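# Per-entry structural report
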Amino acid sequence: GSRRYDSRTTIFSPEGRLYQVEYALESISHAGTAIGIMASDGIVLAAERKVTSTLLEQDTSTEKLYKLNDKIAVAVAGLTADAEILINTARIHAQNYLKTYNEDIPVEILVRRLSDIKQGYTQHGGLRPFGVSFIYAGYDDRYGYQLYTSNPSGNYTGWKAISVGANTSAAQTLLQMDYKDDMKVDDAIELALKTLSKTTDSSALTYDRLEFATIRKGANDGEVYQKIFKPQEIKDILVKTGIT
Amino acid sequence: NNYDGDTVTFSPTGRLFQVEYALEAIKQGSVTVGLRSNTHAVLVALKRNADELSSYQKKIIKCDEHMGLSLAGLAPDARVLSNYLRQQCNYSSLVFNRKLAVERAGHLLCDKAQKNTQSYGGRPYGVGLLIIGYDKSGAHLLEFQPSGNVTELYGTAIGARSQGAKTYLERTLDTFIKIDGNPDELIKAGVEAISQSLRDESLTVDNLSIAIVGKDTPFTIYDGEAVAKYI
Amino acid sequence: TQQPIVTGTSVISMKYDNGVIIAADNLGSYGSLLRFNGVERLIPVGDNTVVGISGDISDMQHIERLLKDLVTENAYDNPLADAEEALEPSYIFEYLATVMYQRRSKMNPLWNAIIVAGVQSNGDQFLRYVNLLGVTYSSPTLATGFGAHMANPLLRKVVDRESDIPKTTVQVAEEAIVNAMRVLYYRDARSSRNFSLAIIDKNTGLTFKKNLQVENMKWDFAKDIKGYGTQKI
Amino acid sequence: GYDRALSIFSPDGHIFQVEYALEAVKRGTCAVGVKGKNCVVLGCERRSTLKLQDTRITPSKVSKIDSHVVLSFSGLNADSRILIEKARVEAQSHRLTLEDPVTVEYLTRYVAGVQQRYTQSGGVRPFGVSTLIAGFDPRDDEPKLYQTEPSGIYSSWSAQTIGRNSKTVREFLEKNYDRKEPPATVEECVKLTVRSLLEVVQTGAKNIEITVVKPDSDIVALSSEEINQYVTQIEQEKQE
Amino acid sequence: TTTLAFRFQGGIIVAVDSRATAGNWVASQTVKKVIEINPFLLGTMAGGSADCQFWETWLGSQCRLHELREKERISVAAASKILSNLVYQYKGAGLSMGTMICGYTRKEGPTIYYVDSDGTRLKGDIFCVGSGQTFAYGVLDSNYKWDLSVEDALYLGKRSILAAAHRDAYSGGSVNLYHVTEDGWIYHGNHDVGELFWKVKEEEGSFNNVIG
Amino acid sequence: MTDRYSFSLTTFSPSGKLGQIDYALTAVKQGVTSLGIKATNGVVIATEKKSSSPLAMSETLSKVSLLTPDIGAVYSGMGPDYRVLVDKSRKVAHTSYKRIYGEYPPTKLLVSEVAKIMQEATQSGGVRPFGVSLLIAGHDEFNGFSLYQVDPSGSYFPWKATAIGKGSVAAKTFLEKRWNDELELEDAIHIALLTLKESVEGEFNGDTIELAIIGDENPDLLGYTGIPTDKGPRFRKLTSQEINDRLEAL
Amino acid sequence: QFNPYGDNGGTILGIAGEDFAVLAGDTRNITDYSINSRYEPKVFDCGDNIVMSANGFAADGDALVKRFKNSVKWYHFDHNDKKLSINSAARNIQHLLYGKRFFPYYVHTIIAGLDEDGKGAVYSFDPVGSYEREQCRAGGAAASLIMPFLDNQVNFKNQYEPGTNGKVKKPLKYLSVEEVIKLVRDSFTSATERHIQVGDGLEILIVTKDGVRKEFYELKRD
Amino acid sequence: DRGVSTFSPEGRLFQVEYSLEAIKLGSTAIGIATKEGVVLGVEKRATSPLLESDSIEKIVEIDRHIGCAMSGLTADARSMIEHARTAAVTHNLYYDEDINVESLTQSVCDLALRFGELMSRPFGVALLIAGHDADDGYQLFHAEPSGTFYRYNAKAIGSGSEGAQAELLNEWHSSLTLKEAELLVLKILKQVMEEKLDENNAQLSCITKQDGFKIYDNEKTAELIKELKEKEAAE
Ligand SMILES: [Mg+2]
């Protein structure tokens, strides 16, 4: 019958690893590098678009950075189509929580929910996992600024600074070297862009190959503002930090 | 070989190996004999024990007051099929105030076994059954194979070494068919038939199992000292 | 739950020494409108059973098809379909009785009163009743609707208990039935003159009589009846 | 639905998927449970391959199932959350219907039941997780410590360890833990738990987590400095 | 019907009448309104007789399954709540039930739960249910003390049923007495109201209104 | 019976490749060249009508399809897969948008819905991916004119101009040299015809070329008058004659 | 509107002796003011030395008896031909009846036989399954006419020993099967006189350790 | 791969035959039926000295008149026990009586073959079901994952089964007392166990008509072990 053609996506190897999760992680390692850096006064999200073209309409394009709600955003590494399925589910969870409790969803609760969905695909259903890793940048009034990451296994962890996608080994070493706890957003912006500039597989880092975002309390008084940078604004911050 | 992984696969010569393997389970099972006259129908079954501490596995199951069977092969499958017969016998009585014909009982068993041979996921039944009964057309004896093939017979035997009993019945055909109005002599013929399938072991008091149904005889099973008379 | 629309009135029946008789008129009423005059309400099943049905006619026609289907089904893989394994009256009744009670239990009844009349394999007379409620009973005489009130009293004067059955001939039984049908025509406003009568005998088999009429009627005395009390002219 | 039998017997009578789930537990960070006379201590290893971590928000290894019971684990982290959630729901369901919180044994039996179910259900793989469940029964001062594993078997332990190099720390515990006289105080029990992890951990810095559970819903997690004092005192006695 | 149950020093007294009526017609005088759920738990029968019988012997099955799984006697709180949660699922369907779930455990002591087909579950010291409940309450309230002896408590329950049996037309027949201890309930006999009335009238000097 | 293929037929290989998606892209590569160019006041999408037989009436085979009055689509790869995607894309524009908001979806969101359908065929049980790449051109009030590409994976990208299928690599290079942000619609059509000629072997005329535009509102194509706000569709398929007229000025 | 229920009249009576039990019932079946049958058996031998009658709406009565007889058959299949004890049969019937709690069998069921100590047993059920072992129980149309008579003549209620004047009750001496049958016959003769639905014939089933025996008696047919 | 419900060429279900191998790896369980009662005994086999051995529950109560011992993948037995207990209690609810030991055993065995592609595999555990009813007296059954159950006068299952069964072959007779059976289980357990038998690594139980099913205290079993040692040293 049908059994013959079943890949069995949800099984352990003899070593106790999940084949498909491991192979999905291998897929993600070829995706454009995304970096998140958490500062005392905000969070930075920086990400590299994959070998673009001059005819790509950049100002209307979005492959890396997505908004989940007014307080939480994500950086994507892997299959964009898979990520959008999960992103829409996350947006709905945030709204369900807001409708139920009349309060914005805490960052970890949203992250756990998405991570639990990914987990399900590794344990039951016989379907392939989502070939996506997320960096979650968000704010709530309990823990303040938070950075998380989740991968196809459904495992998530908290970070001060983190990278996903390509060259994470090189990127994580560079971040570990220059990151400090008392760091500020403007410094983190510079670190994020410097790290990408060194780890990139491209010849040079330019505005058309980047997506950039900041979550700041640099919003007028006790509230949080998300800023998805425009192509011209990414070009300006590249000149300011002295990369171009 | 490559065509025995499941029941849904014909071999290049048009064979269903899973069904044939299920048929093999019957041959491994203990011998049981069936035979009838015009008034009575008799089941004789050699029960098998695990060891000397264990009980002897029961071989005969009552389906109604006028019908029952003996099994050879997977006992749980016989329980499923006998339960199904009990229900069909019972449905006929409740809905139509009518005792289920032995021939129609066979048709139902055939069709139930057939569905297991043509569908993916399932498996054939791993048991053979000998159904005896007395209905509106007299005494009857059926042989059920889990391939689906049900056969009305004067006498037969299934299980290990059943060929010896089957040849005996084939010789005695003209004698035992005429044993009308004499239950004890018809059982004697059945006990003498099943004896042709014995090696090393002989028929003891907790070894032998006999059932009978007839004109003015409800389906009744005899075990223990009730069969010492026939040893 | 429904309401009956096109209806059939009394079915009457009785046992006699060698078998059973059953009769029912050929009318399909539509309330007070005597709409359909050629409705057969006695339906034979094989050569040993006749099912008489009153009440809703659309449900009768459905039951008629079930019985037709029952004969077909019994013949499947049955070499003795016309012999030892032929349908008995008792089988046909029990089946209907099951259906009727199941249907009332789903609150969607077949709006009928049924009498199954026949002769069993061993020659025994079979006569049993079942209705929309699934209520069943047997008696030497059985009648539905108005028949119960008017026919039974007359038929019970012939066969008052079980011991009177062997003393009752087919001529006496048929006479009593035919008279009862006349009485019902006098007194039941939803009856017709035309009726069918079926005899199931253990010796002579099934005799089905169609297009019978109520005859020998008394009306002449009506001419003398004038006014409603005091009127003379 | 997906109905494929993933957990099945092999010719030698083994269910490899359940056995491969144990290999995932072997890979997981070490977890240890030690019960004293009036307390239970749960020790957990944190691999220092991950620095730049935010320890405030990162999922802690020990989880409260109720106010009186805790659960630690070794193996797949994502899998453990599913067992923890189910356990927490069952704990509240028990309080709602029985009008009494779960016993530690009951909660263990439930989690072990869930794990077992996943070893003979179609279309699912077993949990790559072994758990240590510890606490005190309601209105009871006797310490409880239980272990579960992917197959679904569970049992009570005076002391136990699971995860990577658990063979080594079990070796330590088997010679250092006396049943006739268990760690009489919180100090002694925590000390023995830290000592057992120091056989395997590497640096005694942020690699050791300790959680102390006492009777009547008295659960507290030790901080870095508090644990560091145990690490300091252990090695100073060792220099002799 | 008249059923009562009250907590005291020596445990619980359960007392019920025996009459069942269909309209004015007295169907039975020998009805059992105390369900023996198990050797430790008792339930009283008011409202729907079948509903009480069926679901309280079912409750006994659930209690048996509990102590097989948990290796421990089920609490009166848990046992009562199994019943109340069940009937609450059937709320609206037309179950009729007014019962006292009575038991004596280590952790709780003597405990009585009034359970209702509306889903009501009340813990209490004295409960009285049925058409004759008001008559029994009067005798109970004016004579009840915690420090009653087992002998006096048994009599109080018996006398309170008699008070109802006399006045309430739909109560009578006979009185069934039970005493619930920690080691289980103890049956204290069937007492015909006809004979009991005259006996009590003479010995107690009560019911002077009635000529004997 | 029952669909017993409840498991994924597309899975990650050890190297991290999703084989069936790659193979679907290989099928797209074999497909006939189609392209899209965005101008300041419009968008053009074009392809070759590769007629399987001269007896076949190639007018009955529409490679360029209207999705909404302001959105059009063209493809490269497997025609049948495209046809069913157009059916689903048309329906989803109504069910998940027009029946809710009382207006047609903006280009990017319709593209998003199409992408979602293609993504699901890449992960759902017992199916293969779609063997097509779509180029979707459209206009809406708040986003203006736009052009999107949608791949078998479900990934989609916005383009100023692009090509897919057989001679895409050469065509994209040709478009890079010609494209600027000051093109008028007629200029884009002129460039489209030039670009498309390179990948066409045989006949090159209005009967062998299918070309449509997203441009000005066409009140003549609305079918009714009386409502001022309703000004007609922006999607218009060029006629065989209209193409040939521009092939003389080529 | 369709009414799924009807009243087929009839009256049944169960009496438990010391080592026997009787279950009697009239054989008349009726609707409204018409007689359907003068002989329609109402009390049935269900096997295992148990007799049963479900009086009231005959369709539900016939359905229940049928299902119980079926339950006896399957009890034998499932439990190695074990005899179904009267107390076990009673509990089983409760579940059959309560199974239709919200669309009940409109019948008053009585069963009779011997308990596991060989003593006479009668069980009495309401329509929805509440049941009890009883010594004496009339059911059906003329139950109210019969039970007071039985209270007086079986249990000797309100009867005292002459001379004592209310001080000593008449002792509850055991009745023989012949004595019970007299009281059954007189109960039904009296019920026939004063209740229109009672008459035609009386059929009594007597249960002893030897088995089930039947006795039939004529009743007035008016 | 291949079907879960596939037959081998010899006419046996692969999965059932493989589960029987898992049971051979299980700890030893022994049952002995007498006219004074049935005795059930097990090897606990703790994997470490830190494992509190009294938490090992391989002997279990189904009803007051039915007990059960297990061997193999003991986690699989929990749902079987649950079903058994439910069946016993349900039958009491429906019939106001105790359920027959055979009928209980049959109800458990009906679960066995409910596997395919219902559960995904057979049970990896064998059960010794011991009990008493009024019809057939004291009984001991062996319930397998094949769905077959044999009644036994005495039976051993687990790793030391064939050695123990040969020993039971010689030792069992129809006039055994309960005390004689208790010692006999202890004797044979001690023979086949790897570790030295004591009250902590072995457990006894019995079912009698009067007292019902009872698991033995470690103090009670310890005395029977000491009684055993002395009587073996007595010759
Ligand atoms: Mg009368």
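Sequence order as written determines residue numbers, which begin from 1 on each chain and need not coincide with the entry numbering; residues that lack coordinates are not included. Labels are handed out in written order, letters beginning with A for the chains and numbers beginning with 1 for the ligands. Only some chains of a larger assembly appear here, and every value describes just that portion. Processing note: side-chain calculations cover all non-hydrogen atoms of the structure and skip hydrogens and water entirely.

Header annotation of the entry names X-ray crystallography as the structure determination method and lists the resolution as 2.80 Å.

Counting residues at the interface gives five residues for chain G and eight residues for chain B. Reported buried area values correspond to the accessible surface (1.4 Å probe) lost by two parts on association, with both partners' losses combined. Carbon and sulfur atoms supply 50% of the area that chain G and chain B bury against each other, a total of about 700 Å² over both sides. Considering only the surface of chain G that becomes buried against chain B, G:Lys73, G:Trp74 and G:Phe77 emerge as the three largest contributors, covering 67% of it. By definition here, a salt bridge exists when the distance from a side-chain nitrogen of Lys or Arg to a carboxyl oxygen of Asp or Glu is within 4 Å. Run the count over chain G and chain B and you get one salt bridge. Residue B:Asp64 pairs with G:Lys73 through a salt bridge whose shortest N-O separation is 3.2 Å. Definition of a polar contact: a pair of N or O atoms within 3.5 Å, with one able to donate and the other able to accept a hydrogen when the atoms are protein atoms, and with sequence-neighbouring residues admitted only if both atoms are side-chain atoms. Across the contact surface, chain G and chain B share four residue pairs in polar contact. Contacts were defined at the residue level, with two residues in contact if any of their heavy atoms lie within 4.5 Å.

A word on the sheet that holds strand β11 (residues 141-143) of chain C. All names here are of chain C. What makes two strands pair is DSSP finding at least two bridges between them. The helix and strand labels rest on DSSP assignments: H or I over at least four residues marks a helix, E over at least two residues marks a strand, and numbering proceeds from the N terminus. In space, the five strands of this open sheet follow the order β11-β2-β3-β12-β13, with antiparallel pairing throughout. The outermost strands of the open sheet, each flanked by one partner alone, are β11 and β13 (205-213). Mean inter-strand twist for the sheet, computed between neighbouring axes without regard to direction, equals 15°. The sheet strands contacting helix α3 (residues 146-156) are β2 (11-16) and β11, and the helix crosses β11 at an angle near 165°. Against the sheet, helix α4 (residues 170-187) touches β2, β3 (19-25), β12 (194-201) and β13, its axis set at about 160° to β2. A fitted line through C-alpha atoms serves as each axis, taken over the contacting stretch for helices, and the angle formed by two N-to-C directions is quoted from 0 to 180°.

Another point: the coordination of the magnesium ion. Coordinating donors are taken to be N, O and S atoms lying within 2.8 Å of the metal, or within 3.2 Å when the metal is Na, K or Ca; because water is excluded from the atom set, some sites may appear incomplete. For the magnesium ion, every protein donor is listed as G:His195 (O) and G:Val198 (O), and the spread of their distances is 2.5 to 2.7 Å. Only protein chains enter the accessibility calculation, which uses a 1.4 Å probe; a residue is then buried when its area is under 20% of its type maximum, exposed when over 50%, and partly exposed in between. For G:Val198, a relative accessible area of 0% translates into the label buried.

So, on to the pairing of strand β1 (residues 29-33) of chain H. Residue and element names in this part refer to chain H. When you tally the buried positions in β1, you get five out of five residues, the bulk of the element. Here β1 shows no split at all, with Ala29, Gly31 and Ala33 on one side and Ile30 and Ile32 on the other all buried. Bridging between β1 and strand β2 (residues 38-43) involves five bridges; their strand directions are antiparallel. Of the residues in β2, the one forming a bridge with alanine 33 is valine 38. As paired strands, β1 and strand β8 (residues 154-157) are joined by four bridges and run antiparallel to one another.

Stacked, edge-to-face and tilted are the three classes for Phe, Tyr and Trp ring pairs, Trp counted by its six-membered ring, which pair at centre distances within 6.5 Å; planes under 30 degrees apart are stacked, over 60 edge-to-face, the rest tilted. Here the structure, examined in full by the defined rule, presents 44 aromatic pairs over all chains. Summarising the aromatic geometry, the rings of E:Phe6 and E:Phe8 are spaced 6.1 Å apart at their centres and angled 55° between planes, so their arrangement reads as tilted. Residues E:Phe6 and E:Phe8 agree in their burial class; the two are buried. With 5.8 Å between their ring centres and 65° between their planes, G:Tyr5 and G:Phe103 make a pair best called edge-to-face. Here G:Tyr5, found in the segment before β1 (11-16), pairs with G:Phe103, found in the loop between α2 (86-98) and β7 (107-114); they are 98 residues apart in sequence, far enough to count as distant. For G:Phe103, a relative accessible area of 22% puts it in the partly exposed group. Ring pairing ties together the aromatic residues E:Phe54, E:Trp55, E:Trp58, E:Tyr90, G:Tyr98 and G:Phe102, which thus form one cluster. Think of it as a cone above the ring: NZ of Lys or CZ of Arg counts as a charge over the ring if it is within 6 Å of the ring centre and within 35 degrees of the ring normal. If you follow G:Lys100 out to its NZ or CZ, it ends over the ring of G:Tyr105, 5.1 Å from the centre.

Further remarks concern the sheet that holds strand β3 (residues 63-64) of chain D. All names here are of chain D. An order of β3-β4-β5-β6-β7 is seen for the five strands of this open sheet, with the pairing classed as antiparallel. The strands lining the two open edges of the sheet, one partner per strand, are β3 and β7 (154-156). Inspection of the sheet shows strand β5 (residues 129-135) paired to strand β6 (residues 144-148) by five bridges, in the antiparallel sense. Looking at β6, one finds that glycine 135 is bridged to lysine 144. The strands touched by helix α3 (residues 104-117) within the sheet are β4 (69-75), β5, β6 and β7, with β6 carrying the most contacts at an inclination of about 5°.

Residue and element names in this part refer to chain H. Among the five residues in strand β3 (residues 59-63), four count as buried, and that is most of the element. Pairing geometry for β3 and strand β4 (residues 66-72), over four bridges, is antiparallel. Each residue of the ladder has a partner; that of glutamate 61, found in β4, is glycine 67. Taking the residues that link successive antiparallel strands as the turn, the β3-β4 hairpin has two residues.

Another point: the side chain of H:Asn100. Its place among the elements puts H:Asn100 in the loop between α2 (77-95) and α3 (101-112). Only 3.4 Å separates the side chain of H:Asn100 from the side chain of H:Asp135, close enough to count as a polar contact. With residues near it in sequence (within four places) discarded, H:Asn100 still touches G:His79, G:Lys82, H:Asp133 and H:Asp135.

This part covers the interface of chain A and chain D. Taken residue by residue, the interface counts 40 residues in chain A and 31 residues in chain D. A buried area of about 3000 Å², summed over both sides, lies between chain A and chain D, and 55% of it is on carbon and sulfur atoms. Our count for the contact surface shared by chain A and chain D stands at two salt bridges. Note that A:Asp116 and D:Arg81 form a salt bridge whose closest N and O atoms lie 2.8 Å from each other.

All right, on to the nonpolar core then. One finds C:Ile22, G:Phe68 and G:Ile111 to be the most contacted residues of the largest nonpolar core, which totals 48 residues. Looking at this core, the element that brings in the most residues is helix α1 (residues 58-78) of chain G, giving seven residues. Among residues more than four places away in sequence, those in contact with G:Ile111 are G:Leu23, G:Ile50, G:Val51, G:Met52, G:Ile86, G:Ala89, G:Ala90, G:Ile93, G:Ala121, G:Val122, G:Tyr123 and G:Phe125. Among buried residues, those of type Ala, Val, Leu, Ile, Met, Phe, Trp, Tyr and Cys that are joined through side-chain atoms within 4.5 Å constitute a nonpolar core.

We now examine the pattern of salt bridges. Considering all chains together, one arrives at 83 salt bridges over all chains under this definition. Residue A:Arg49 is joined to A:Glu211 by a salt bridge in which the shortest nitrogen-to-oxygen separation is 3.7 Å. Residue A:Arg49 is found in the loop between β2 (42-48) and β3 (65-67), and its partner A:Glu211 is found in strand β9 (residues 210-216); the two are separated by 162 residues along the sequence. The salt bridge partner of F:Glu186 is F:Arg246, with a shortest N-O separation of 2.8 Å. Note that F:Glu186 is positioned in helix α5 (residues 185-199) and F:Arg246 in helix α6 (residues 240-248), a separation of 60 residues in sequence. Under the relative-accessibility criterion, F:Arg246 is labelled partly exposed at 24%.

Ranking the 16 pairs of chains in contact by number of contacts places chains A and D first. These two, chain C and chain D, are apart from each other, with no contact and a minimum C-alpha gap of 34 Å. You won't find any contact between chain E and chain F; their C-alpha atoms come no closer than 36 Å.

This part is about the side chain of C:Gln120. Residue and element names in this part refer to chain C. Mapped onto the elements of the fold, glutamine 120 is located in the loop between β8 (112-119) and β9 (125-131). Residue classification places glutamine 120 among the buried residues on the basis of a relative accessible area of 17%. Beyond its immediate chain neighbours, meaning those up to four positions away, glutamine 120 contacts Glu88, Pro89, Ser90 and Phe126.

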